[PDB]
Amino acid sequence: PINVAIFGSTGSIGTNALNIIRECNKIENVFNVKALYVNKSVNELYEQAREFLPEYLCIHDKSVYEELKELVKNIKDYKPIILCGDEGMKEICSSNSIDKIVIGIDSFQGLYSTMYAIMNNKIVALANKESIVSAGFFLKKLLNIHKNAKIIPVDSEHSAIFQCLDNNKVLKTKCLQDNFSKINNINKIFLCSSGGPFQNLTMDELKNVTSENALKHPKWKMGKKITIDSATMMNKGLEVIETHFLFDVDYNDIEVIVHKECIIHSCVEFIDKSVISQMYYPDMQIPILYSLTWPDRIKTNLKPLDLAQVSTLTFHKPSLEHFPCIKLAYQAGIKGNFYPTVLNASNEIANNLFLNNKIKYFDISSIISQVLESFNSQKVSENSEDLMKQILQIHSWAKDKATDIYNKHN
């Protein structure tokens, strides 16, 4: 059986992971959910524990630890190891009974748990694209040291790319390693984008779009931060950098393409110019499942793709004048060093300012551009601990700079 831990089990990735695990386990007993980890949703964790009966339970907030203990007594024939905080997370990571960890936690705590999963030579199913963009150097360093640790991408486009690769080649290397693209014969990547809600608007129309316009009737309903990033196409920008780090593909060989039907999830061009693509309805269960079954596939009861019904698939180039966040992402990535950290941090501030109606659409890219122009390359620490501190300092600096730019003009 596949022994899986779910970190952030009540979030979007965590619940979709448990859903597909549930459905697949009805067809064949494939997964043992060995651990669940949440911040403070003690009741939701209890309900999950009642169904999945994991060996480990962990709650980050120590204040609800005793409440969890008492709730779990209601479940019969069940004596779990109940843990608290960072120390509990670390103990789960060190368990030789856990094979794979799904990290569905946002921000630093996602990176922190990823770090410990890697340090224990686990397979890490990673959805947090901001952690790859911001701390890619650090992750690459850790993966070079901990040879059996692997990051498997869960972001749908990156899963699609990963699914397009020959595992006879993938098994000779791993993601976030030098020469990954050479070993896999990768020439170029088509990174498919929905294009977001503003995809046909004029420059003058874009001047006055609000966050309500971005958040109005989503094609796929998702969190506010990513929805704003989808509207500016900074989501794709971040994903370009993620692609570069995960697959060691040069920026000149990554093309963003707008595919509004969201059936083709991305494509890989190999060195012979043959192109392989992965296709399905827009359903996050496939990328999550593949991250847990790789290098194998298992049966699901998901609806089969009806291509004749789908009927038409369309592709066009995004306009970088209309979606300048894409250009800024490429520029930051190509500059290298900690520019991607700066891009991510300044976008965090600009995204949130636009979300709360404090700035306009082109102010997002304006602020990010100014923060990038103010950053000076730093010597990259050789010490792993100093490197992590360096990333956090630069992240903090960039957020402050974005905020100061906003404060000067307001």
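Heads up: residue numbers just count along the shown sequence, starting at 1. For clarity, a rigid core is taken as the largest C-alpha set superposing within 1.5 Å between two forms.
Averaged over structures and residues, the CA distance from the shown form in 8 other deposited structures of this protein after a core fit is larger for 211 to 219, of the two stretches 231 to 239 and 211 to 219.
For the pair 101 to 109 and 148 to 156, greater average C-alpha departure from the shown form in 8 other deposited structures of this protein after core alignment is found in 101 to 109. Stretches 129 to 137 and 241 to 249 differ in mean CA B factor, with 129 to 137 having the higher one. Higher mean CA B-factor, judged across 5 to 13 and 393 to 401 from the recorded values: 5 to 13. As recorded in the PDB entry, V209 shows the highest C-alpha B-factor of the residues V154, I271, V209, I189. Across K100, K182, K221, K303, the greatest Cα temperature factor reported in the deposited entry is at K221. Among the modelled residues of its chain, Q309 has a C-alpha B-factor that falls in the middle third, as given in the PDB entry. Annotation for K317: CA B-factor lies in the middle third of the chain's modelled residues.
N351: CA B factor in the middle third of modelled residues in this chain (values from the PDB entry). Annotation for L372: CA B-factor lies in the lowest third of the chain's modelled residues. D178: CA B factor lies in the middle third for its chain, per the PDB record.
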